[PDB]
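Just the one chain here, the form deposited in one PDB entry, laid out as structure tokens.
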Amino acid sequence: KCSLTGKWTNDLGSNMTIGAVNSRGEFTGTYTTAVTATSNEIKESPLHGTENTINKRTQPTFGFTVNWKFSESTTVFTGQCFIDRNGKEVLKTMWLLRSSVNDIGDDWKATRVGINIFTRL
């Protein structure tokens, strides 16, 4: 049983906390990013997502959206919860980071991509 509910930290030092997952797979959380110039104001942003219920799975796929505070951007993450090495949980994700452009001719360059591995904190 690989469960998203809990405290996680990514290979970049960002922390997220994901709350309860309901009957329909939905969850909510907060994301505290490690990626910005130091603000005395704590950079928290909400997140919302769903995990796949088809078949229970116990290593389900999932997705979620972060709507960044103090930024026009959105990141989406998707991945799967794995469980191994006497029970250590890992989320393997890939993401897209969408920036905002003000002219559709710059759309082509508005999207970044990479990976994040999240482990229990």
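Rigid core: the largest C-alpha set superposing within 1.5 Å between the two forms. For every residue, the number given is its place in the sequence shown, counted from 1.
Heads up, the form deposited in another entry isn't pictured, but that's what we're talking about next.
Relative to the superposed core, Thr74 undergoes a C-alpha shift smaller than 2 Å between the shown form and the other one.
Comparing the forms between the shown form and the other one, the C-alpha position of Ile83 differs by less than 2 angstroms, with the core used for superposition. Relative to the superposed rigid core, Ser39 undergoes a CA displacement of at least 2 Å between the shown form and the other one.
One change in the other form concerns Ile115 and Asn40, whose Cα atoms lie at least 3 Å closer than in this form. Legend note: Cα of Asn67 to Cα of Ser39 is at least 3 Å farther in the other form than in the depicted form.
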